Amino acid sequence: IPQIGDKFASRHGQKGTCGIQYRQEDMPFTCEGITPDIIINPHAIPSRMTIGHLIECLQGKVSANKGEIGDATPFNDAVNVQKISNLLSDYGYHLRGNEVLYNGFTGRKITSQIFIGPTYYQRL
Amino acid sequence: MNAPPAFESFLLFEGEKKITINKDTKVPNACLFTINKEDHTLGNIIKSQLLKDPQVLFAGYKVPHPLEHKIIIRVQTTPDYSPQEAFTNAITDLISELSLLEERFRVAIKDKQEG
Amino acid sequence: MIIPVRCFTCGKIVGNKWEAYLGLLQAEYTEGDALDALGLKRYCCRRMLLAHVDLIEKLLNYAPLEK
Amino acid sequence: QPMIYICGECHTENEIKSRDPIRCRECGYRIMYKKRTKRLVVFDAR
Amino acid sequence: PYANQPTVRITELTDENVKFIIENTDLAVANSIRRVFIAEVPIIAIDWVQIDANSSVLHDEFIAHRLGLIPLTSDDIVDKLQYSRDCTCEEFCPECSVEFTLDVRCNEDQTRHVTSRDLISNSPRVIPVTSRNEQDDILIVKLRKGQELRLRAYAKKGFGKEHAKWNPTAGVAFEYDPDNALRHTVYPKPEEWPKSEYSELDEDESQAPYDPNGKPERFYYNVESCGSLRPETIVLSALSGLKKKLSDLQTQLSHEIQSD
Ligand SMILES: [Zn+2]
Ligand SMILES: [Zn+2]
Ligand SMILES: [Zn+2]
């Protein structure tokens with residue numbers, strides 16, 4: 001059973017161990033009570049420049065809301081971020097994949113709208 | 001290997017007190033309530049109810065470690081009042097609020113199912 | 001290998017929807033419309049049904065240990 | 001005492017004693033499996 | 001210095017969810033109610049399995065874990081049953097547990113779907129939700145000809161703090177201040193964000209004018225039930241459980257104050 005110290009990775013070089021596990025009432029939630037399965041730190045993105053992670057998260061939100069499988073083939077001019085954002089704005093979501101989350105401990109809104117969505121993770 | 005049983009977050013160990021009151025010596029009329037086997041669910045409501053008391057000068061809580069299963073609530077009141085009395089009144093007020101909310105939710109359910 | 005019982009995120013039951021989902025797909029529903037017919041409105045449960053790989057059907061191609 | 005095994009190919013329940021070559025009596029297959037114990041193992045459904 | 005006088009307004013009540021609004025309460029009370037929906041509303045769930053025979057392609061812990069997550073109707077029985085901690089019996093008794101039996105064998109050529117309908121209980125009140133008298137039955141395992149699954153489960157009383165299988169909710173939507181009047185969120189581009197379903201704003205207006213004297217009131221809830229409890233039973237049991245947590249805390253508080 002996964003636990004603190006088990007190594008997980010996305011498909012973009014974003015590896016890390018489980019720091020802690022919070023129950024569903026302790027995790028942050030959207031207005032429709034969706035809690036993240038995983039929370040990763042924003043500081044893993046900028047130096048690494050794994051923008052594929054963010055585009056995959058956004059495409060995955062579109063895919064899950066649309067009932068399809070996203071096409072992430074490398075060199076495809078028929079798929080860019082603006083198209084994915086326009087598609088996501090049609091399902092009642094912020095076009096860039098952000099959502100207002102609430103603090104699970106206090107229930108107050110988090111001032112900064114969080115970037116959340118489906119991403120394929122791997123257990124190593 | 002090192003996984004604590006999931007009941008340890010809710011269940012008191014033998015000889016372990018649910019709540020302990022310790023006088024805070026830094027300032028007068030302040031107390032620390034160390035409550036075992038509770039979490040943000042009761043800490044947040046107790047703190048926020050204590051903040052509604054004008055005789056409460058400080059009301060805060062913390063979970064010192066998420067892996068541990070206790071909370072500490074610090075309460076400072078005015079000299080004519082007591083932090084223990086403030087904590088008691090906060091719990092009484094929360095209980096009355098929840099009783100009223102429960103009765104009103106029962107009434108609302110009855111109205112909704114009936115018409 | 002088999003459809004999970006609950007949605008990992010919310011805890012909605014999805015175990016009873018895999019067979020209905022497949023029946024809707026062979027009924028010429030799109031995956032989105034099929035997921036709408038089963039009442040999976042949060043994209044977490046849509047993730048559960050839409051990304052499931054029924055490997056148990058392949059594990060049942062092997063004869064068991066006892067006859 | 002009997003230590004009945006199952007055949008990997010014919011799935012036949014057959015008894016084999018110690019100091020006996022491992023051979024199924026129904027088809028001669030050389031790989032056998034032990035049967036599930038009768039002891040009582042408990043699972044917390046978690 | 002005293003309690004709130006919250007009011008309630010239920011805007012939708014089905015067998016699947018309850019959508020309501022609590023007004024004139026603190027955000028901490030609203031979020032503790034929300035948390036208790038998930039983590040301190042007890043229900044009945046399988047928490048003990050004994051596999052007598054399993055020739056299926058899923059190992060024993062897979063089946064056990066899978067059985068634990070089947071919701072069992074807990075409406076009137078959960079209040080009566082005791083925690084096995086509190087029961088004065090041996091490992092089990094009908095006062096703290098419910099016995100289930102499952103015995104399936106695939107003899108026919110087509111795949112046999114061992115579903116929650118095959119979980120036979122000794123208690124008629126505590127049965128799998130899908131088996132209750134549409135939605136299909138939860139699938140426990142698919143069996144091939146010659147495969148067999150025979151087990152004996154016991155269901156216990158617990159809540160979501162111990163394991164998510166004792167969580168009665170299939171999602172708790174919680175919201176407040178749909179128009180960002182308290183500015184607890186700060187949208188870099190407020191025009192880009194969709195409107196809440198509870199918003200009361202004309203389409204040209206993106207968010208409400210900032211309310212400096214405002215406090216969170218009017219919390220909107222949508223409590224979806226996994227099946228074990230009715231949604232309104234989840235809310236009522238949540239309020240009762242939170243009130244008993246506070247009552248026990250006050251009892252222990254009184255003992256600590258008087259002992260000093
Ligand atoms: Zn879900
Ligand atoms: Zn043989
Ligand atoms: Zn008992």
# chains A, B, ... in the order shown; residues from 1 in each chain; ligands from 1

$ residues_near_ligand --ligand "ligand 3" --cutoff "8 Å" --atoms "only C-alpha atoms and all ligand atoms" --output "PyMOL selection string"
chain E and resi 82-84+86-97

$ interface_residues --of "chain E" --to "chain B" --cutoff "8 Å" --atoms "only C-alpha atoms" --output "mmCIF file with N, CA, C and O atoms, in the first residue's frame"
data_model
loop_
_atom_site.group_PDB
_atom_site.id
_atom_site.type_symbol
_atom_site.label_atom_id
_atom_site.label_comp_id
_atom_site.auth_asym_id
_atom_site.auth_seq_id
_atom_site.Cartn_x
_atom_site.Cartn_y
_atom_site.Cartn_z
ATOM 1 N N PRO E 1 -21.072 36.859 22.548
ATOM 2 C CA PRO E 1 -20.296 35.791 23.184
ATOM 3 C C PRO E 1 -20.981 34.443 23.132
ATOM 4 O O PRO E 1 -20.588 33.538 23.872
ATOM 5 N N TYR E 2 -21.971 34.293 22.257
ATOM 6 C CA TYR E 2 -22.894 33.174 22.353
ATOM 7 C C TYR E 2 -23.060 32.552 20.979
ATOM 8 O O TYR E 2 -22.441 32.968 19.998
ATOM 9 N N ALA E 3 -23.905 31.529 20.926
ATOM 10 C CA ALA E 3 -23.982 30.669 19.767
ATOM 11 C C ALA E 3 -24.585 31.411 18.583
ATOM 12 O O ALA E 3 -25.211 32.466 18.720
ATOM 13 N N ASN E 4 -24.388 30.840 17.403
ATOM 14 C CA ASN E 4 -25.099 31.307 16.232
ATOM 15 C C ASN E 4 -26.516 30.756 16.251
ATOM 16 O O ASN E 4 -26.825 29.793 16.957
ATOM 17 N N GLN E 5 -27.379 31.374 15.453
ATOM 18 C CA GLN E 5 -28.732 30.900 15.218
ATOM 19 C C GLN E 5 -28.842 30.554 13.739
ATOM 20 O O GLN E 5 -29.506 31.261 12.968
ATOM 21 N N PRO E 6 -28.176 29.490 13.299
ATOM 22 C CA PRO E 6 -28.181 29.175 11.873
ATOM 23 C C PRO E 6 -29.563 28.784 11.395
ATOM 24 O O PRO E 6 -30.370 28.224 12.139
ATOM 25 N N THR E 7 -29.829 29.092 10.134
ATOM 26 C CA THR E 7 -31.032 28.655 9.452
ATOM 27 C C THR E 7 -30.623 27.729 8.321
ATOM 28 O O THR E 7 -29.465 27.704 7.902
ATOM 29 N N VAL E 8 -31.589 26.962 7.831
ATOM 30 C CA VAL E 8 -31.334 25.963 6.805
ATOM 31 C C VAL E 8 -32.381 26.109 5.719
ATOM 32 O O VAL E 8 -33.523 26.504 5.973
ATOM 33 N N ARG E 9 -31.981 25.778 4.500
ATOM 34 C CA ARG E 9 -32.870 25.848 3.353
ATOM 35 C C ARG E 9 -32.415 24.760 2.397
ATOM 36 O O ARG E 9 -31.347 24.874 1.790
ATOM 37 N N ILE E 10 -33.209 23.708 2.279
ATOM 38 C CA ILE E 10 -32.871 22.578 1.429
ATOM 39 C C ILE E 10 -33.435 22.855 0.046
ATOM 40 O O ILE E 10 -34.645 23.041 -0.116
ATOM 41 N N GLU E 12 -32.693 20.840 -2.756
ATOM 42 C CA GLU E 12 -32.916 19.628 -3.529
ATOM 43 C C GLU E 12 -32.728 18.418 -2.628
ATOM 44 O O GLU E 12 -31.768 18.362 -1.860
ATOM 45 N N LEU E 13 -33.638 17.454 -2.702
ATOM 46 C CA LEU E 13 -33.542 16.246 -1.891
ATOM 47 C C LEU E 13 -33.965 15.063 -2.746
ATOM 48 O O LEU E 13 -35.146 14.924 -3.078
ATOM 49 N N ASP E 26 -20.757 30.329 11.286
ATOM 50 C CA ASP E 26 -19.358 30.641 11.050
ATOM 51 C C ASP E 26 -18.777 29.675 10.026
ATOM 52 O O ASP E 26 -19.269 28.560 9.844
ATOM 53 N N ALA E 28 -15.963 28.177 10.238
ATOM 54 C CA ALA E 28 -15.397 27.021 10.920
ATOM 55 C C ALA E 28 -16.462 25.973 11.207
ATOM 56 O O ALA E 28 -16.213 24.775 11.052
ATOM 57 N N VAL E 29 -17.653 26.401 11.626
ATOM 58 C CA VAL E 29 -18.741 25.453 11.852
ATOM 59 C C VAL E 29 -19.124 24.773 10.548
ATOM 60 O O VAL E 29 -19.332 23.556 10.501
ATOM 61 N N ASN E 31 -17.278 24.275 7.861
ATOM 62 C CA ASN E 31 -16.259 23.347 7.405
ATOM 63 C C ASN E 31 -16.128 22.144 8.322
ATOM 64 O O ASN E 31 -15.770 21.065 7.857
ATOM 65 N N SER E 32 -16.400 22.294 9.617
ATOM 66 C CA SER E 32 -16.394 21.124 10.487
ATOM 67 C C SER E 32 -17.558 20.204 10.164
ATOM 68 O O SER E 32 -17.409 18.981 10.195
ATOM 69 N N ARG E 35 -16.409 18.421 7.091
ATOM 70 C CA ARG E 35 -15.423 17.397 7.415
ATOM 71 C C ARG E 35 -16.061 16.196 8.089
ATOM 72 O O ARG E 35 -15.636 15.060 7.864
ATOM 73 N N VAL E 36 -17.070 16.425 8.929
ATOM 74 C CA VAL E 36 -17.731 15.321 9.613
ATOM 75 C C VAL E 36 -18.546 14.499 8.626
ATOM 76 O O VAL E 36 -18.704 13.288 8.802
ATOM 77 N N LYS E 161 -12.395 8.516 9.216
ATOM 78 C CA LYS E 161 -11.072 8.739 9.784
ATOM 79 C C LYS E 161 -10.254 7.459 9.801
ATOM 80 O O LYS E 161 -9.030 7.505 9.642
ATOM 81 N N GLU E 162 -10.903 6.313 9.987
ATOM 82 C CA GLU E 162 -10.175 5.055 10.073
ATOM 83 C C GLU E 162 -9.890 4.475 8.693
ATOM 84 O O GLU E 162 -8.819 3.901 8.469
ATOM 85 N N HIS E 163 -10.827 4.608 7.759
ATOM 86 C CA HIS E 163 -10.657 4.065 6.421
ATOM 87 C C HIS E 163 -11.743 4.650 5.532
ATOM 88 O O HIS E 163 -12.878 4.819 5.973
ATOM 89 N N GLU E 232 -29.753 12.922 3.721
ATOM 90 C CA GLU E 232 -30.232 13.653 4.882
ATOM 91 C C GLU E 232 -29.864 12.934 6.167
ATOM 92 O O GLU E 232 -29.615 13.581 7.189
ATOM 93 N N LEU E 236 -27.811 14.645 9.203
ATOM 94 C CA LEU E 236 -28.287 14.564 10.578
ATOM 95 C C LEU E 236 -27.296 13.822 11.465
ATOM 96 O O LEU E 236 -27.014 14.252 12.589
ATOM 97 N N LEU E 239 -24.332 16.097 12.203
ATOM 98 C CA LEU E 239 -24.598 17.076 13.250
ATOM 99 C C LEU E 239 -24.620 16.415 14.620
ATOM 100 O O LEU E 239 -24.044 16.938 15.582
ATOM 101 N N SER E 240 -25.248 15.240 14.720
ATOM 102 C CA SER E 240 -25.278 14.531 15.993
ATOM 103 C C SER E 240 -23.882 14.102 16.425
ATOM 104 O O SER E 240 -23.534 14.213 17.602
ATOM 105 N N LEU E 242 -20.939 15.482 15.598
ATOM 106 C CA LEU E 242 -20.175 16.649 16.018
ATOM 107 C C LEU E 242 -20.625 17.122 17.392
ATOM 108 O O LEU E 242 -19.796 17.475 18.245
ATOM 109 N N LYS E 243 -21.935 17.089 17.646
ATOM 110 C CA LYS E 243 -22.439 17.496 18.950
ATOM 111 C C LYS E 243 -21.995 16.546 20.053
ATOM 112 O O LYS E 243 -21.708 16.990 21.166
ATOM 113 N N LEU E 246 -18.382 17.280 20.881
ATOM 114 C CA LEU E 246 -18.290 18.438 21.761
ATOM 115 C C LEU E 246 -18.769 18.112 23.170
ATOM 116 O O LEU E 246 -18.199 18.604 24.150
ATOM 117 N N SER E 247 -19.810 17.290 23.300
ATOM 118 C CA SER E 247 -20.304 16.923 24.625
ATOM 119 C C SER E 247 -19.275 16.108 25.398
ATOM 120 O O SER E 247 -19.054 16.345 26.592
ATOM 121 N N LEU E 249 -16.065 16.197 24.885
ATOM 122 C CA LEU E 249 -14.991 17.131 25.197
ATOM 123 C C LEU E 249 -15.340 17.966 26.416
ATOM 124 O O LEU E 249 -14.484 18.221 27.265
ATOM 125 N N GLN E 250 -16.598 18.389 26.528
ATOM 126 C CA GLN E 250 -17.005 19.192 27.676
ATOM 127 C C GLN E 250 -17.014 18.370 28.956
ATOM 128 O O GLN E 250 -16.679 18.889 30.023
ATOM 129 N N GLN E 252 -14.986 15.812 29.637
ATOM 130 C CA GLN E 252 -13.592 15.671 30.038
ATOM 131 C C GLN E 252 -13.034 17.003 30.527
ATOM 132 O O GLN E 252 -12.215 17.042 31.454
ATOM 133 N N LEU E 253 -13.483 18.104 29.928
ATOM 134 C CA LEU E 253 -13.085 19.432 30.381
ATOM 135 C C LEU E 253 -13.528 19.676 31.812
ATOM 136 O O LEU E 253 -12.780 20.234 32.621
ATOM 137 N N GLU E 256 -11.350 17.819 34.149
ATOM 138 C CA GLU E 256 -10.043 18.443 34.321
ATOM 139 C C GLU E 256 -10.114 19.714 35.148
ATOM 140 O O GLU E 256 -9.198 19.993 35.929
ATOM 141 N N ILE E 257 -11.180 20.496 34.991
ATOM 142 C CA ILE E 257 -11.312 21.731 35.756
ATOM 143 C C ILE E 257 -11.541 21.417 37.229
ATOM 144 O O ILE E 257 -10.929 22.026 38.112
#

$ select_by_dssp --residues "chain D" --states "strand (DSSP E)" --output "list in words"
residues 4, 5, 6, 7, 13, 14, 15, 32, 33, 34, 42 and 43 of chain D

$ write_last_selection --atoms "N, CA, C and O atoms" --output "mmCIF file, in the first residue's frame"
data_model
loop_
_atom_site.group_PDB
_atom_site.id
_atom_site.type_symbol
_atom_site.label_atom_id
_atom_site.label_comp_id
_atom_site.auth_asym_id
_atom_site.auth_seq_id
_atom_site.Cartn_x
_atom_site.Cartn_y
_atom_site.Cartn_z
ATOM 1 N N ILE D 4 -1.566 -34.172 -1.029
ATOM 2 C CA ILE D 4 -2.095 -34.281 -2.384
ATOM 3 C C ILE D 4 -1.704 -33.026 -3.161
ATOM 4 O O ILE D 4 -1.805 -31.903 -2.653
ATOM 5 N N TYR D 5 -1.216 -33.225 -4.380
ATOM 6 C CA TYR D 5 -0.811 -32.147 -5.265
ATOM 7 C C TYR D 5 -1.708 -32.120 -6.494
ATOM 8 O O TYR D 5 -2.461 -33.062 -6.772
ATOM 9 N N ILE D 6 -1.627 -31.010 -7.220
ATOM 10 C CA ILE D 6 -2.389 -30.796 -8.447
ATOM 11 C C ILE D 6 -1.407 -30.775 -9.608
ATOM 12 O O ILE D 6 -0.279 -30.289 -9.490
ATOM 13 N N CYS D 7 -1.859 -31.288 -10.745
ATOM 14 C CA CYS D 7 -1.042 -31.308 -11.946
ATOM 15 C C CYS D 7 -1.106 -29.964 -12.656
ATOM 16 O O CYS D 7 -2.174 -29.360 -12.779
ATOM 17 N N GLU D 13 -6.025 -34.055 -8.984
ATOM 18 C CA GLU D 13 -5.684 -34.202 -7.571
ATOM 19 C C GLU D 13 -5.105 -35.599 -7.372
ATOM 20 O O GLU D 13 -5.785 -36.606 -7.577
ATOM 21 N N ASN D 14 -3.808 -35.674 -7.072
ATOM 22 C CA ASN D 14 -3.145 -36.955 -6.875
ATOM 23 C C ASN D 14 -2.189 -36.894 -5.695
ATOM 24 O O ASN D 14 -1.514 -35.885 -5.476
ATOM 25 N N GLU D 15 -2.148 -37.986 -4.934
ATOM 26 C CA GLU D 15 -1.327 -38.089 -3.736
ATOM 27 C C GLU D 15 0.064 -38.586 -4.096
ATOM 28 O O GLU D 15 0.209 -39.533 -4.878
ATOM 29 N N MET D 32 4.023 -29.872 -10.423
ATOM 30 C CA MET D 32 2.879 -30.013 -9.536
ATOM 31 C C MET D 32 2.792 -28.803 -8.618
ATOM 32 O O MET D 32 3.801 -28.161 -8.318
ATOM 33 N N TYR D 33 1.575 -28.505 -8.174
ATOM 34 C CA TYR D 33 1.299 -27.398 -7.272
ATOM 35 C C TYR D 33 0.631 -27.903 -6.001
ATOM 36 O O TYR D 33 -0.204 -28.807 -6.048
ATOM 37 N N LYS D 34 0.999 -27.319 -4.865
ATOM 38 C CA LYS D 34 0.319 -27.632 -3.619
ATOM 39 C C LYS D 34 -1.067 -26.998 -3.604
ATOM 40 O O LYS D 34 -1.312 -25.978 -4.251
ATOM 41 N N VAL D 42 -6.972 -14.449 7.972
ATOM 42 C CA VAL D 42 -7.948 -13.376 8.111
ATOM 43 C C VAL D 42 -7.419 -12.130 7.420
ATOM 44 O O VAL D 42 -6.226 -11.821 7.502
ATOM 45 N N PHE D 43 -8.314 -11.416 6.745
ATOM 46 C CA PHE D 43 -7.985 -10.190 6.037
ATOM 47 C C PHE D 43 -8.846 -9.064 6.577
ATOM 48 O O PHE D 43 -10.067 -9.203 6.668
#

$ closest_atom_pairs --of "chain C" --to "chain D" --cutoff "7 Å" --atoms "only C-alpha atoms" --output "tab-separated table"
residue	atom	partner	partner_atom	distance
C:65	CA	D:11	CA	6.1
C:66	CA	D:11	CA	5.0
C:67	CA	D:11	CA	5.8

$ write_last_selection --atoms "N, CA, C and O atoms" --output "PDB file, in the first residue's frame"
ATOM      1  N   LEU C  65      -6.098 -23.386 -12.090  1.00  0.00           N
ATOM      2  CA  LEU C  65      -5.198 -24.418 -11.592  1.00  0.00           C
ATOM      3  C   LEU C  65      -5.915 -25.742 -11.358  1.00  0.00           C
ATOM      4  O   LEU C  65      -5.299 -26.803 -11.495  1.00  0.00           O
ATOM      5  N   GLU C  66      -7.198 -25.702 -11.002  1.00  0.00           N
ATOM      6  CA  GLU C  66      -7.983 -26.894 -10.733  1.00  0.00           C
ATOM      7  C   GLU C  66      -9.177 -26.945 -11.678  1.00  0.00           C
ATOM      8  O   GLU C  66      -9.761 -25.909 -12.011  1.00  0.00           O
ATOM      9  N   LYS C  67      -9.528 -28.153 -12.111  1.00  0.00           N
ATOM     10  CA  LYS C  67     -10.670 -28.350 -12.996  1.00  0.00           C
ATOM     11  C   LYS C  67     -11.931 -28.625 -12.186  1.00  0.00           C
ATOM     12  O   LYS C  67     -12.049 -28.196 -11.038  1.00  0.00           O
TER      13      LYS C  67
END

$ closest_residue --among "E:65, E:228, E:237, E:169" --to "ligand 1" --atoms "only C-alpha atoms and all ligand atoms"
E:169

$ residues_around --residues "residue 26 in chain A" --least-positions-apart "6" --cutoff "10 Å" --atoms "only C-alpha atoms" --output "VMD selection string"
(chain A and resid 35 103 to 107) or (chain B and resid 39 to 41) or (chain E and resid 35 38 to 39)

$ write_last_selection --atoms "N, CA, C and O atoms" --output "PDB file, in the first residue's frame"
ATOM      1  N   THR A  35     -11.148  16.431  -4.481  1.00  0.00           N
ATOM      2  CA  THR A  35      -9.858  16.597  -3.839  1.00  0.00           C
ATOM      3  C   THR A  35      -8.760  16.022  -4.725  1.00  0.00           C
ATOM      4  O   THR A  35      -8.992  15.057  -5.457  1.00  0.00           O
ATOM      5  N   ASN A 103      -9.371  25.471   1.670  1.00  0.00           N
ATOM      6  CA  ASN A 103      -8.492  24.813   2.621  1.00  0.00           C
ATOM      7  C   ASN A 103      -9.259  23.704   3.324  1.00  0.00           C
ATOM      8  O   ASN A 103     -10.330  23.939   3.887  1.00  0.00           O
ATOM      9  N   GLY A 104      -8.715  22.489   3.293  1.00  0.00           N
ATOM     10  CA  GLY A 104      -9.419  21.370   3.887  1.00  0.00           C
ATOM     11  C   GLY A 104      -9.529  21.472   5.392  1.00  0.00           C
ATOM     12  O   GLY A 104     -10.467  20.937   5.984  1.00  0.00           O
ATOM     13  N   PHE A 105      -8.585  22.161   6.028  1.00  0.00           N
ATOM     14  CA  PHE A 105      -8.576  22.251   7.481  1.00  0.00           C
ATOM     15  C   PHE A 105      -9.563  23.291   7.987  1.00  0.00           C
ATOM     16  O   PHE A 105     -10.239  23.067   8.995  1.00  0.00           O
ATOM     17  N   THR A 106      -9.658  24.427   7.298  1.00  0.00           N
ATOM     18  CA  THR A 106     -10.502  25.532   7.717  1.00  0.00           C
ATOM     19  C   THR A 106     -11.669  25.800   6.784  1.00  0.00           C
ATOM     20  O   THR A 106     -12.625  26.458   7.199  1.00  0.00           O
ATOM     21  N   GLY A 107     -11.618  25.315   5.547  1.00  0.00           N
ATOM     22  CA  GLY A 107     -12.689  25.528   4.605  1.00  0.00           C
ATOM     23  C   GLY A 107     -12.657  26.864   3.911  1.00  0.00           C
ATOM     24  O   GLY A 107     -13.505  27.116   3.050  1.00  0.00           O
TER      25      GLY A 107
ATOM     26  N   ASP B  39      -8.445  16.910  16.026  1.00  0.00           N
ATOM     27  CA  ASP B  39      -7.778  17.476  14.866  1.00  0.00           C
ATOM     28  C   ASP B  39      -8.479  18.786  14.535  1.00  0.00           C
ATOM     29  O   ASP B  39      -9.137  19.384  15.391  1.00  0.00           O
ATOM     30  N   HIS B  40      -8.319  19.248  13.298  1.00  0.00           N
ATOM     31  CA  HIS B  40      -8.835  20.553  12.914  1.00  0.00           C
ATOM     32  C   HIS B  40     -10.349  20.638  13.037  1.00  0.00           C
ATOM     33  O   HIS B  40     -10.876  21.748  13.182  1.00  0.00           O
ATOM     34  N   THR B  41     -11.051  19.503  13.032  1.00  0.00           N
ATOM     35  CA  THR B  41     -12.511  19.523  13.043  1.00  0.00           C
ATOM     36  C   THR B  41     -13.050  20.213  14.289  1.00  0.00           C
ATOM     37  O   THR B  41     -13.938  21.066  14.196  1.00  0.00           O
TER      38      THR B  41
ATOM     39  N   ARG E  35     -16.409  18.421   7.091  1.00  0.00           N
ATOM     40  CA  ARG E  35     -15.423  17.397   7.415  1.00  0.00           C
ATOM     41  C   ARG E  35     -16.061  16.196   8.089  1.00  0.00           C
ATOM     42  O   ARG E  35     -15.636  15.060   7.864  1.00  0.00           O
ATOM     43  N   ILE E  38     -17.547  13.602   5.856  1.00  0.00           N
ATOM     44  CA  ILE E  38     -16.594  12.706   5.218  1.00  0.00           C
ATOM     45  C   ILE E  38     -15.969  11.740   6.214  1.00  0.00           C
ATOM     46  O   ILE E  38     -15.732  10.578   5.886  1.00  0.00           O
ATOM     47  N   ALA E  39     -15.706  12.192   7.444  1.00  0.00           N
ATOM     48  CA  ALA E  39     -14.778  11.507   8.330  1.00  0.00           C
ATOM     49  C   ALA E  39     -15.340  11.065   9.675  1.00  0.00           C
ATOM     50  O   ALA E  39     -14.681  10.267  10.350  1.00  0.00           O
TER      51      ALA E  39
END

$ interface_residues --of "chain D" --to "chain E" --cutoff "8 Å" --atoms "only C-alpha atoms" --output "ChimeraX atom specification"
/D:36,38,40-46

$ closest_residue --among "C:27, C:19, C:6, C:61" --to "residue 48 in chain C" --atoms "only C-alpha atoms"
C:6

$ closest_residue --among "C:37, C:45, C:5, C:13" --to "ligand 1" --atoms "only C-alpha atoms and all ligand atoms"
C:45

$ decode --residues "range 26-48 of chain A" --atoms "C-alpha atoms" --output "PDB file, in the first residue's frame"
ATOM      1  CA  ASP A  26      -7.781  17.268   5.110  1.00  0.00           C
ATOM      2  CA  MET A  27      -7.027  17.789   1.408  1.00  0.00           C
ATOM      3  CA  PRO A  28      -8.023  20.939  -0.494  1.00  0.00           C
ATOM      4  CA  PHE A  29     -11.240  20.717  -2.473  1.00  0.00           C
ATOM      5  CA  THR A  30     -12.934  22.435  -5.399  1.00  0.00           C
ATOM      6  CA  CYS A  31     -16.431  23.906  -5.272  1.00  0.00           C
ATOM      7  CA  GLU A  32     -17.592  20.508  -6.510  1.00  0.00           C
ATOM      8  CA  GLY A  33     -15.979  18.399  -3.878  1.00  0.00           C
ATOM      9  CA  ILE A  34     -13.025  17.065  -5.854  1.00  0.00           C
ATOM     10  CA  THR A  35      -9.858  16.597  -3.839  1.00  0.00           C
ATOM     11  CA  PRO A  36      -6.489  15.972  -5.529  1.00  0.00           C
ATOM     12  CA  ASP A  37      -5.156  12.440  -5.461  1.00  0.00           C
ATOM     13  CA  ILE A  38      -1.644  13.927  -5.429  1.00  0.00           C
ATOM     14  CA  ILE A  39      -0.322  17.399  -4.630  1.00  0.00           C
ATOM     15  CA  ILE A  40       3.062  18.305  -6.104  1.00  0.00           C
ATOM     16  CA  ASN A  41       5.051  21.417  -5.417  1.00  0.00           C
ATOM     17  CA  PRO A  42       5.062  24.271  -7.971  1.00  0.00           C
ATOM     18  CA  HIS A  43       8.816  24.659  -7.455  1.00  0.00           C
ATOM     19  CA  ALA A  44       9.420  21.424  -9.351  1.00  0.00           C
ATOM     20  CA  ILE A  45       8.284  23.067 -12.626  1.00  0.00           C
ATOM     21  CA  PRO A  46      10.256  26.296 -13.264  1.00  0.00           C
ATOM     22  CA  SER A  47      13.883  25.128 -13.260  1.00  0.00           C
ATOM     23  CA  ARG A  48      12.920  21.835 -14.893  1.00  0.00           C
TER      24      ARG A  48
END
